[PDB]
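Encoded as structure tokens, the structure appears first; notes follow it.
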Amino acid sequence: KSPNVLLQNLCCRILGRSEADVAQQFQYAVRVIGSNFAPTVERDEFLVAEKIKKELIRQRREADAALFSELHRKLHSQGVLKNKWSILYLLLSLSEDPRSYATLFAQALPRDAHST
Amino acid sequence: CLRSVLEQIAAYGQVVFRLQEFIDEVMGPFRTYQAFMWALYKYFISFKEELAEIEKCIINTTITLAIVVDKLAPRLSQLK
Amino acid sequence: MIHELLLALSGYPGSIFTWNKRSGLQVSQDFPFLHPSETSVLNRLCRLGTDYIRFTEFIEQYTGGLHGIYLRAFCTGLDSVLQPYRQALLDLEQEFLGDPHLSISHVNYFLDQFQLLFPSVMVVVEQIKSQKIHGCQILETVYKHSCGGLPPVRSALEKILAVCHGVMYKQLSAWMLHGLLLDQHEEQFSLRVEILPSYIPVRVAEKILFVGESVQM
Amino acid sequence: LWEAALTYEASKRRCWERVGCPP
Amino acid sequence: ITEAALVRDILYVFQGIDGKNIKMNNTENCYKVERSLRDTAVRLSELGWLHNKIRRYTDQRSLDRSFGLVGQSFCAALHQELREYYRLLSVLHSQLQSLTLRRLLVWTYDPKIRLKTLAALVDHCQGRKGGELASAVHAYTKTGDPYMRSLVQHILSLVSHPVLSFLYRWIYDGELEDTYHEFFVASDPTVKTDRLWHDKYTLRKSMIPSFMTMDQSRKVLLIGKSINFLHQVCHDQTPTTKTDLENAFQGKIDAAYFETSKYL
Amino acid sequence: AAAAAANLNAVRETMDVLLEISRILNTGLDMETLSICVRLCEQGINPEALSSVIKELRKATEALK
Amino acid sequence: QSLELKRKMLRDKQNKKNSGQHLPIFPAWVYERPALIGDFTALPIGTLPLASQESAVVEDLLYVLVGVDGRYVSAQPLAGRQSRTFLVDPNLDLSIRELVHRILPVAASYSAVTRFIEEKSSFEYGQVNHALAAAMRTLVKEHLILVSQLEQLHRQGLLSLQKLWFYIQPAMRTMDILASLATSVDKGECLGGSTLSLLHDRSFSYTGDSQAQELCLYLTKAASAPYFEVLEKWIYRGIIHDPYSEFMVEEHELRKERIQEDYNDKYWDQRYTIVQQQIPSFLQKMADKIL
């Protein structure tokens, strides 16, 4: 569609109330989508696949990490998604664990030795 | 392998052919032949309904050879 | 191809594998669309299906021939143990319909659990042929291999075992309540080692004989 | 648009001569 | 030449099956080819050669019934682990048509330690059964490697399951029917009636594991002997009156001990 | 058209793949909403912005609980 | 040297262990094969065009970072101590070669690290060395992750030598820290609390960037994990089991001298005594109260 009309349906899926009942969080959505729109690091789904493996070992499961590998292969086999990195990074950002160090962790390319 | 599986079905088909030939030679006394072929006919009445139900599932597929032969195992044993 | 293979495993030899009465399903034929090493993989898989064939013939001939209701109980449990070998041939083609990418190794993989049951029950089947036992001491040679050590062949023999004791409560219901004998041929009327399993206490058997005898008067 | 059209009855007839994803 | 031909062969040498241009050429050495691309092949082919070592042993000892029920439980555990190994290999096959992870060098990294461990384990447990083998596998749990100690305790949970079923046949019933000597009691096969308490049951010392002490075996020996003496002499048969190993030993064996001694 | 609808079946197949990925990760998202997100990245979007949007919207339903 | 060293420690912890028989050892081939560590065409690169030379040298160093030698570059075989050298071909253009020299030390501070992980994974060095080499083990895996990223980026026709020289410096700091730590624990034959005081001090030493402080703090906890369990055991409960002799308290019987009496105060005597150099040097101020 267009992004401005697409966010309001999100406001009806996540919130149970109508978009004529609340606008303030819709206004925060507009505020963050307007100001910045483009990524600051490079993309590849290979790196976030190796990071989804790191998250799945982290939740103390090990079977679903071999599940995610056949599933991520099916994602390549079909090939209908235009940017496969964004939605996988997106599911990665909203992770939840039912149940040291974080300055080592595998990051993206910094784009500080990169000019487009 | 095809030649063997249809051969097994053919070996069962002789036993149904002999019975149907015996039935045809009654409608085409001993005083027990009719009472015996009556029960045989009733057996075929039940058995044919089961088989036609499988064909009804064919008009509406995902069924292969290995499904129906394993399904009909306790009947082809009873045939022998 | 694998529609052919998953029915070759069901028992039909074909002209890719050659049946033999020494070891069945032997492949030595070369194909340039197959790997030359693939045969080795195939060879391992062949060892499963051969036994599956060798068992079924065994069920056909019985029920010096071997006869008895014990032969209607060993072969009976032999039916039920082979059923998840049928289910796992259906599920494989179900997966192959959706994903044709999966290779022969997934077949070899998925049926790794039957490379434990089949030899350890194969030796019992061979013991029951080379020796000519058909009586009540067949419960003994089945009962000693029940202990196992490999869990899935450990429980499968349990499946047969209860059936035999259920069959031995048909004889010991006609005998013990109605005083009725020779509704089955034997394996006044004495106690012999052949008609009594050698891990059941003899005093209980004496009580059994007394209770069976007193009914008729 | 996608979810509106997704809800249709799929292939339950399976080919044995077109094993890989039969339409 | 193309790298995919190598990738095809090395994809097979994991399973224990030689490729077309990569084959096992020496028994003490690993797979030999028959610059960098050459030097990486020996690196990955180590794991399938290690796989040959453990697969042959879990083939052999499973059909050996003079090795005992314990040892066949070892083979069951080995078979389950090799099952998980081939389960990785299926995904590693179908990922082509191409996905390389340093040509699968990242993939092989933690299975390598898992093969190294059990290749050590099959050789340290050579010629053992019962509590001897249980001490030999408890030997590998003095480790600060968290992956390895977890990998070992799963196997210890697996092997100690038959021995506890013999244990509670000696707590609640007082009968031992073993013809494979894997229990810590050496029974005398000739019958004793008055020497029954003293002589029919002796302590076999070589089937005691390293999670049991002398007092434990001796208290359980006394309990089983006591409730067997209750039947074979006294003729008053009862209908089965009732961190160590998660410390379920010392509750049961104490309550049992108290019961049998009071009633006798 | 026939091939244009088998592609839609293909879209649903990857959507069920992402369904398993959503449960093993314990996200609150369902299938319709993820199709909206798929259209959003068809037009191009920061996942860091979508996560901030949803990380405001879900915990603005916990403020009227 | 190492094969001697292992058995030399094995016998002391053998004769100490009077509740445990036949302490475990690893098979010989786990030391025999050099195919268990990462480090083990002949054409002049000099006359080549430049952008082919660049792709060539990037491919060779990227192999060298994970041990295995590249195409125009060799590990000079030393295979004694934690020092290792590499040789690039002298027919390289000089300026590029000097940048290659700047990238090279990370490989020697790879080879020392994996050798440490192989030598100190055995039972002759104790459970602290087991946990220490086992938690050090994960950062090597992560290093392979990082060079897999650079494999992609070099495949995509966009990697230059300056870019990769920028990329490898945060990992260069990490591998430098762990090579220095591995050298220091290697030379002194440190195990038990003697390599737990050293990581106490090493956790103190680097605190100005905090890129390495998370590293040594978690490595301190990972190496102190079995020791805290043995301590907690001695604290709550008079029983200890002390599986390898690297604990502060040592128990040798003084019951065989003063039998069925505490008329010597033998417990406060040489029955339950201290080892001096097996205290990790921050439980020193509670040392009497612990005993």
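Each chain in the structure tokens gets a letter, A, B, ..., in the order shown, and its residues are numbered from 1; ligands are numbered from 1 in order too.
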
Spatial neighbours of stretch 243-258 of chain G, 8 Å, only C-alpha atoms, chain gap at least 4 places, as an mmCIF file with N, CA and C atoms, in the first residue's frame:
```
data_model
loop_
_atom_site.group_PDB
_atom_site.id
_atom_site.type_symbol
_atom_site.label_atom_id
_atom_site.label_comp_id
_atom_site.auth_asym_id
_atom_site.auth_seq_id
_atom_site.Cartn_x
_atom_site.Cartn_y
_atom_site.Cartn_z
ATOM 1 N N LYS E 142 34.463 -36.093 36.316
ATOM 2 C CA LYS E 142 35.312 -35.138 37.020
ATOM 3 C C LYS E 142 35.865 -34.084 36.064
ATOM 4 N N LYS G 13 48.816 -36.586 41.626
ATOM 5 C CA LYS G 13 47.382 -36.705 41.850
ATOM 6 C C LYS G 13 46.904 -38.150 41.840
ATOM 7 N N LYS G 16 47.934 -39.063 45.723
ATOM 8 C CA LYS G 16 47.050 -38.332 46.627
ATOM 9 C C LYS G 16 45.662 -38.960 46.699
ATOM 10 N N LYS G 17 45.130 -39.435 45.575
ATOM 11 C CA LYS G 17 43.713 -39.758 45.512
ATOM 12 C C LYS G 17 43.500 -41.136 46.110
ATOM 13 N N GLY G 20 39.795 -42.615 44.961
ATOM 14 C CA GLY G 20 39.575 -42.799 43.542
ATOM 15 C C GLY G 20 40.709 -43.571 42.908
ATOM 16 N N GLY G 126 43.665 -30.951 35.491
ATOM 17 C CA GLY G 126 42.626 -30.651 36.443
ATOM 18 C C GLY G 126 41.405 -29.998 35.832
ATOM 19 N N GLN G 127 40.370 -29.922 36.671
ATOM 20 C CA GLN G 127 39.074 -29.429 36.232
ATOM 21 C C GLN G 127 39.083 -27.926 35.982
ATOM 22 N N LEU G 191 48.285 -24.588 37.702
ATOM 23 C CA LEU G 191 46.962 -25.194 37.762
ATOM 24 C C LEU G 191 46.417 -24.972 39.158
ATOM 25 N N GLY G 192 45.111 -25.163 39.287
ATOM 26 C CA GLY G 192 44.408 -24.895 40.519
ATOM 27 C C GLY G 192 44.333 -23.437 40.893
ATOM 28 N N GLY G 193 44.702 -23.107 42.125
ATOM 29 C CA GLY G 193 44.520 -21.749 42.596
ATOM 30 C C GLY G 193 45.628 -20.840 42.114
ATOM 31 N N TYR G 227 35.911 -24.671 41.716
ATOM 32 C CA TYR G 227 36.560 -24.332 42.974
ATOM 33 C C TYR G 227 35.556 -23.808 43.993
ATOM 34 N N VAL G 230 33.708 -26.886 45.380
ATOM 35 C CA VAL G 230 34.510 -27.593 46.379
ATOM 36 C C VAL G 230 34.593 -26.784 47.676
ATOM 37 N N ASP G 262 41.116 -37.432 70.504
ATOM 38 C CA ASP G 262 41.420 -36.070 70.099
ATOM 39 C C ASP G 262 42.188 -35.413 71.233
ATOM 40 N N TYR G 263 43.121 -36.181 71.803
ATOM 41 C CA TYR G 263 43.954 -35.796 72.931
ATOM 42 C C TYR G 263 45.236 -35.128 72.460
ATOM 43 N N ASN G 264 45.353 -34.918 71.153
ATOM 44 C CA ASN G 264 46.454 -34.206 70.538
ATOM 45 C C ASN G 264 46.003 -32.865 69.976
ATOM 46 N N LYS G 266 44.394 -32.972 67.101
ATOM 47 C CA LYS G 266 45.051 -33.343 65.852
ATOM 48 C C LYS G 266 44.440 -32.634 64.650
ATOM 49 N N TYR G 267 43.171 -32.226 64.758
ATOM 50 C CA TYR G 267 42.513 -31.507 63.669
ATOM 51 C C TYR G 267 43.145 -30.142 63.441
ATOM 52 N N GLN G 270 48.476 -31.169 61.953
ATOM 53 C CA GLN G 270 48.757 -31.494 60.558
ATOM 54 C C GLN G 270 47.814 -32.565 60.006
ATOM 55 N N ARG G 271 46.517 -32.465 60.300
ATOM 56 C CA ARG G 271 45.542 -33.357 59.682
ATOM 57 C C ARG G 271 44.811 -32.634 58.560
ATOM 58 N N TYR G 272 44.173 -31.516 58.886
ATOM 59 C CA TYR G 272 43.547 -30.646 57.899
ATOM 60 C C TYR G 272 44.412 -29.400 57.789
ATOM 61 N N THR G 273 45.284 -29.362 56.789
ATOM 62 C CA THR G 273 46.239 -28.269 56.705
ATOM 63 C C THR G 273 46.028 -27.495 55.410
ATOM 64 N N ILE G 274 46.788 -26.413 55.287
ATOM 65 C CA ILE G 274 46.686 -25.484 54.175
ATOM 66 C C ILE G 274 47.740 -25.859 53.128
ATOM 67 N N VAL G 275 47.434 -25.573 51.863
ATOM 68 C CA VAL G 275 48.461 -25.379 50.846
ATOM 69 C C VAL G 275 48.584 -23.879 50.601
ATOM 70 N N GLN G 276 49.827 -23.389 50.604
ATOM 71 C CA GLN G 276 50.130 -21.964 50.474
ATOM 72 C C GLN G 276 49.789 -21.378 49.114
ATOM 73 N N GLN G 277 50.232 -22.008 48.038
ATOM 74 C CA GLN G 277 50.156 -21.405 46.716
ATOM 75 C C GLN G 277 48.930 -21.857 45.937
ATOM 76 N N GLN G 278 47.980 -22.515 46.599
ATOM 77 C CA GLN G 278 46.750 -22.943 45.947
ATOM 78 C C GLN G 278 45.552 -22.131 46.424
ATOM 79 N N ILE G 279 45.802 -21.008 47.089
ATOM 80 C CA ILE G 279 44.760 -20.036 47.408
ATOM 81 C C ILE G 279 44.716 -19.018 46.272
ATOM 82 N N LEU G 291 39.008 -22.626 56.851
ATOM 83 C CA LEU G 291 39.504 -23.891 57.383
ATOM 84 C C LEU G 291 38.811 -24.248 58.691
#
```

Please, which residues of chain C lie no more than 12 Å from chain D when the count uses only C-alpha atoms, and can they be set out as JSON, numbers by chain?
-> {"C": [1, 2, 3, 4, 93, 94, 95, 96, 97, 98, 99, 100, 101, 102]}

Would you mind listing what lies within 8 Å of residue F:38 as a PyMOL selection string, with only C-alpha atoms counted and same-chain residues fewer than 4 positions away left out?
-> (chain A and resi 81+87) or (chain F and resi 34+42)

Quick one: which chain A residues come within 8 Å of chain E, and what is the nearest atom pair for each with the distance in Å to one decimal, counting only C-alpha atoms, rows ordered by chain and ascending number, as a Markdown table?
```
| residue | atom | partner | partner_atom | distance |
| --- | --- | --- | --- | --- |
| A:66 | CA | E:88 | CA | 7.6 |
| A:69 | CA | E:91 | CA | 7.5 |
| A:70 | CA | E:91 | CA | 6.6 |
| A:73 | CA | E:95 | CA | 6.7 |
```

Within 7 Å of stretch 227-235 of chain E, counting only C-alpha atoms, which residues qualify if same-chain residues fewer than 2 places away don't, as a ChimeraX atom specification?
-> /E:173-174,223-225,237,260

Between atom CA of residue A:52 and atom CA of residue A:100 - distance in Å to one decimal |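 Going from atom CA of residue A:100 over to atom CA of residue A:52, I get 19.2 Å.
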
Write down, as a compact mmCIF listing (two decimals) with N, CA, C and O atoms, in the first residue's frame, each residue of chain G that has any atom within 6 Å of an atom of chain E, counting only C-alpha atoms.
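Writing done, so here's result_37.txt:
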```
# COMPACT_ATOMS: atom_id res chain seq x y z
N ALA G 35 46.40 -32.92 12.74
CA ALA G 35 45.08 -32.62 12.18
C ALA G 35 44.03 -32.39 13.26
O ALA G 35 42.84 -32.47 12.98
N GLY G 70 48.05 -20.52 3.32
CA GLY G 70 47.48 -20.11 2.06
C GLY G 70 48.24 -20.61 0.85
O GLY G 70 48.70 -21.76 0.79
N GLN G 127 40.37 -29.92 36.67
CA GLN G 127 39.07 -29.43 36.23
C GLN G 127 39.08 -27.93 35.98
O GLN G 127 38.26 -27.43 35.20
N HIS G 130 40.29 -27.68 32.55
CA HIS G 130 39.19 -28.15 31.72
C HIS G 130 38.19 -27.03 31.42
O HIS G 130 37.89 -26.76 30.25
N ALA G 131 37.71 -26.35 32.47
CA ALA G 131 36.76 -25.25 32.28
C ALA G 131 37.40 -24.06 31.59
O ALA G 131 36.75 -23.37 30.79
N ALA G 134 37.87 -24.89 28.00
CA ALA G 134 36.53 -25.09 27.43
C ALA G 134 35.77 -23.79 27.21
O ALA G 134 34.87 -23.77 26.36
N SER G 148 34.31 -15.93 8.45
CA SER G 148 33.30 -16.34 7.48
C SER G 148 32.60 -15.13 6.87
O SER G 148 32.30 -15.12 5.66
```

Within stretch 36-179 of chain C, find each residue whose DSSP state, derived from the backbone, is alpha helix (DSSP H), and express the selection as JSON, numbers by chain.
-> {"C": [38, 39, 40, 41, 42, 43, 44, 45, 46, 47, 48, 49, 50, 51, 52, 53, 54, 55, 56, 57, 58, 59, 60, 61, 71, 72, 73, 74, 75, 76, 77, 78, 79, 80, 81, 83, 84, 85, 86, 87, 88, 89, 90, 91, 92, 93, 94, 95, 96, 97, 98, 104, 105, 106, 107, 108, 109, 110, 114, 115, 116, 117, 118, 119, 120, 121, 122, 123, 124, 125, 126, 127, 128, 129, 130, 138, 139, 140, 141, 142, 143, 144, 151, 152, 153, 154, 155, 156, 157, 158, 159, 160, 161, 162, 163, 164, 165, 166, 167, 168, 169, 170, 171, 172, 173, 174, 175, 176, 177, 178]}

Go ahead and write the residues just picked, C-alpha atoms, as a CSV table (one decimal), in the first residue's frame.
```
chain,number,residue,atom,x,y,z
C,38,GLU,CA,25.9,-45.3,-3.5
C,39,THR,CA,25.7,-49.1,-3.8
C,40,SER,CA,27.5,-49.5,-0.5
C,41,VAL,CA,24.7,-47.3,1.1
C,42,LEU,CA,22.1,-49.4,-0.7
C,43,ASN,CA,23.8,-52.6,0.6
C,44,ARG,CA,23.2,-51.6,4.2
C,45,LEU,CA,19.5,-50.8,3.4
C,46,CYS,CA,19.1,-54.2,1.7
C,47,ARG,CA,19.9,-56.1,4.9
C,48,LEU,CA,16.7,-54.7,6.4
C,49,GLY,CA,14.3,-55.7,3.7
C,50,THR,CA,15.6,-59.2,3.2
C,51,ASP,CA,14.8,-60.1,6.8
C,52,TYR,CA,11.3,-58.6,6.3
C,53,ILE,CA,10.8,-61.0,3.4
C,54,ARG,CA,12.3,-64.0,5.3
C,55,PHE,CA,9.9,-63.5,8.2
C,56,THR,CA,6.7,-63.4,6.0
C,57,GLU,CA,7.5,-66.6,4.2
C,58,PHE,CA,8.0,-68.1,7.7
C,59,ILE,CA,4.4,-67.0,8.7
C,60,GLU,CA,3.0,-68.5,5.5
C,61,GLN,CA,4.3,-72.0,5.9
C,71,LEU,CA,2.7,-71.2,16.3
C,72,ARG,CA,-0.5,-69.1,16.2
C,73,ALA,CA,1.0,-66.8,18.9
C,74,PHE,CA,4.6,-66.3,17.9
C,75,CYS,CA,3.6,-65.5,14.3
C,76,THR,CA,0.8,-63.3,15.8
C,77,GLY,CA,3.2,-61.0,17.6
C,78,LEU,CA,5.4,-61.1,14.5
C,79,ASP,CA,2.5,-59.3,12.7
C,80,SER,CA,2.3,-56.4,15.2
C,81,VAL,CA,6.0,-55.8,15.4
C,83,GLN,CA,3.6,-52.6,11.6
C,84,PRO,CA,5.8,-49.5,12.4
C,85,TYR,CA,8.0,-50.6,9.5
C,86,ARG,CA,5.0,-50.1,7.3
C,87,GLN,CA,4.0,-46.7,8.8
C,88,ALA,CA,7.5,-45.4,8.3
C,89,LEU,CA,7.4,-46.3,4.6
C,90,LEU,CA,4.2,-44.3,4.2
C,91,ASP,CA,5.5,-41.2,6.1
C,92,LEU,CA,8.7,-41.2,4.0
C,93,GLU,CA,6.8,-40.9,0.7
C,94,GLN,CA,4.5,-38.3,2.4
C,95,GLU,CA,7.7,-36.3,3.0
C,96,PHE,CA,9.0,-37.0,-0.5
C,97,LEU,CA,5.9,-35.6,-2.1
C,98,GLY,CA,6.6,-32.2,-0.6
C,104,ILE,CA,18.8,-41.7,0.2
C,105,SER,CA,20.6,-40.9,3.4
C,106,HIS,CA,17.3,-39.6,4.9
C,107,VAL,CA,15.8,-43.0,4.2
C,108,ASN,CA,18.8,-44.8,5.8
C,109,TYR,CA,18.6,-42.3,8.6
C,110,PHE,CA,14.9,-42.6,9.3
C,114,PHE,CA,15.3,-51.3,12.8
C,115,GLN,CA,19.0,-52.2,12.6
C,116,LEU,CA,18.6,-53.2,16.3
C,117,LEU,CA,15.3,-55.2,16.3
C,118,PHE,CA,15.9,-57.3,13.2
C,119,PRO,CA,19.1,-59.2,14.0
C,120,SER,CA,18.3,-59.8,17.6
C,121,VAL,CA,14.9,-61.3,16.7
C,122,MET,CA,16.4,-63.0,13.7
C,123,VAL,CA,18.6,-65.2,15.9
C,124,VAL,CA,15.5,-66.2,17.9
C,125,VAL,CA,13.6,-67.1,14.7
C,126,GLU,CA,16.7,-69.2,13.6
C,127,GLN,CA,16.8,-71.0,17.0
C,128,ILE,CA,13.1,-71.9,16.6
C,129,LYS,CA,13.9,-73.5,13.1
C,130,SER,CA,17.2,-75.2,13.8
C,138,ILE,CA,9.1,-72.1,23.5
C,139,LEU,CA,8.0,-69.7,26.3
C,140,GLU,CA,11.4,-70.2,27.9
C,141,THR,CA,13.5,-69.4,24.9
C,142,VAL,CA,11.3,-66.4,24.2
C,143,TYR,CA,11.5,-65.3,27.9
C,144,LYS,CA,15.3,-65.3,28.2
C,151,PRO,CA,15.3,-51.1,24.5
C,152,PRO,CA,13.2,-51.3,21.3
C,153,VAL,CA,13.8,-55.0,20.7
C,154,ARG,CA,13.5,-55.3,24.5
C,155,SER,CA,9.8,-54.3,24.5
C,156,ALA,CA,8.8,-55.9,21.2
C,157,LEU,CA,9.3,-59.4,22.6
C,158,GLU,CA,7.2,-58.3,25.6
C,159,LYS,CA,4.4,-57.8,23.1
C,160,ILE,CA,4.5,-61.4,22.0
C,161,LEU,CA,5.0,-62.7,25.6
C,162,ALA,CA,1.7,-61.6,27.2
C,163,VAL,CA,-0.1,-63.1,24.2
C,164,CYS,CA,1.3,-66.5,25.0
C,165,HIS,CA,0.3,-66.2,28.6
C,166,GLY,CA,-3.2,-65.2,27.4
C,167,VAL,CA,-3.1,-68.3,25.3
C,168,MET,CA,-2.0,-70.3,28.3
C,169,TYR,CA,-5.0,-69.0,30.2
C,170,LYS,CA,-7.3,-70.6,27.6
C,171,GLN,CA,-6.0,-74.1,28.4
C,172,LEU,CA,-5.9,-73.2,32.1
C,173,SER,CA,-9.5,-72.0,32.0
C,174,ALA,CA,-10.9,-75.2,30.4
C,175,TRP,CA,-8.8,-77.3,32.8
C,176,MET,CA,-9.3,-75.4,36.0
C,177,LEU,CA,-13.1,-74.6,35.9
C,178,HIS,CA,-14.8,-77.3,33.8
```

Using only C-alpha atoms, which chain F residues lie at most 9 Å away from chain A, written as a ChimeraX atom specification?
-> /F:7,10-11,13-14,17-18,20-22,24-29,32-34,36-58,60-61

Closest-contact table, chain B side, partner chain D, 9 Å, counting only C-alpha atoms, as JSON lines:
```
{"residue": "B:60", "atom": "CA", "partner": "D:13", "partner_atom": "CA", "distance": 8.5}
{"residue": "B:61", "atom": "CA", "partner": "D:13", "partner_atom": "CA", "distance": 4.3}
{"residue": "B:62", "atom": "CA", "partner": "D:14", "partner_atom": "CA", "distance": 5.1}
{"residue": "B:63", "atom": "CA", "partner": "D:14", "partner_atom": "CA", "distance": 8.2}
{"residue": "B:64", "atom": "CA", "partner": "D:16", "partner_atom": "CA", "distance": 8.3}
```

Could you save those same residues with N, CA, C and O atoms as a tab-separated table (two decimals), in the first residue's frame?
```tsv
chain	number	residue	atom	x	y	z
B	60	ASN	N	-13.33	-38.74	-5.05
B	60	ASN	CA	-13.03	-37.53	-4.31
B	60	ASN	C	-11.53	-37.38	-4.10
B	60	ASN	O	-10.85	-36.67	-4.84
B	61	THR	N	-6.33	-40.63	-5.02
B	61	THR	CA	-6.27	-39.20	-4.73
B	61	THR	C	-4.96	-38.93	-3.99
B	61	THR	O	-4.04	-38.33	-4.54
B	62	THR	N	-4.88	-39.41	-2.75
B	62	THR	CA	-3.62	-39.56	-2.03
B	62	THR	C	-3.40	-41.04	-1.73
B	62	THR	O	-2.39	-41.42	-1.11
B	63	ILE	N	-4.29	-41.90	-2.21
B	63	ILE	CA	-4.22	-43.33	-1.95
B	63	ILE	C	-3.29	-43.98	-2.96
B	63	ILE	O	-3.44	-43.80	-4.18
B	64	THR	N	-2.33	-44.76	-2.47
B	64	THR	CA	-1.43	-45.54	-3.31
B	64	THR	C	-1.74	-47.03	-3.13
B	64	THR	O	-2.71	-47.40	-2.46
```

Compute the set of chain F residues within 8 Å of chain D, using only C-alpha atoms, and express it as a list in words.
->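 Within 8 Å of chain D on chain F, we get residues 6, 8, 9, 12, 32 and 35 of chain F.
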
Emit the selected residues as a PDB file, in the first residue's frame, including N, CA, C and O atoms.
```
ATOM      1  N   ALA F   6      -0.297 -20.691  -7.396  1.00  0.00           N
ATOM      2  CA  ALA F   6       0.663 -21.583  -6.757  1.00  0.00           C
ATOM      3  C   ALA F   6       1.778 -20.799  -6.083  1.00  0.00           C
ATOM      4  O   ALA F   6       2.345 -21.263  -5.087  1.00  0.00           O
ATOM      5  N   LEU F   8       1.019 -18.033  -4.558  1.00  0.00           N
ATOM      6  CA  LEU F   8       0.339 -17.651  -3.328  1.00  0.00           C
ATOM      7  C   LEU F   8       0.337 -18.781  -2.300  1.00  0.00           C
ATOM      8  O   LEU F   8       0.517 -18.519  -1.101  1.00  0.00           O
ATOM      9  N   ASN F   9       0.177 -20.029  -2.753  1.00  0.00           N
ATOM     10  CA  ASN F   9       0.448 -21.199  -1.917  1.00  0.00           C
ATOM     11  C   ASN F   9       1.884 -21.226  -1.409  1.00  0.00           C
ATOM     12  O   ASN F   9       2.126 -21.579  -0.248  1.00  0.00           O
ATOM     13  N   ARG F  12       2.138 -18.809   1.438  1.00  0.00           N
ATOM     14  CA  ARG F  12       1.612 -19.409   2.661  1.00  0.00           C
ATOM     15  C   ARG F  12       2.562 -20.449   3.253  1.00  0.00           C
ATOM     16  O   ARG F  12       2.607 -20.610   4.480  1.00  0.00           O
ATOM     17  N   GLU F  32      -1.367 -12.802   9.751  1.00  0.00           N
ATOM     18  CA  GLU F  32      -1.877 -11.683   8.975  1.00  0.00           C
ATOM     19  C   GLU F  32      -0.963 -10.480   9.145  1.00  0.00           C
ATOM     20  O   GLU F  32      -0.612  -9.801   8.174  1.00  0.00           O
ATOM     21  N   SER F  35       2.263 -10.843   7.331  1.00  0.00           N
ATOM     22  CA  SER F  35       2.084 -10.501   5.923  1.00  0.00           C
ATOM     23  C   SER F  35       2.058  -8.993   5.696  1.00  0.00           C
ATOM     24  O   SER F  35       2.535  -8.523   4.654  1.00  0.00           O
TER      25      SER F  35
END
```
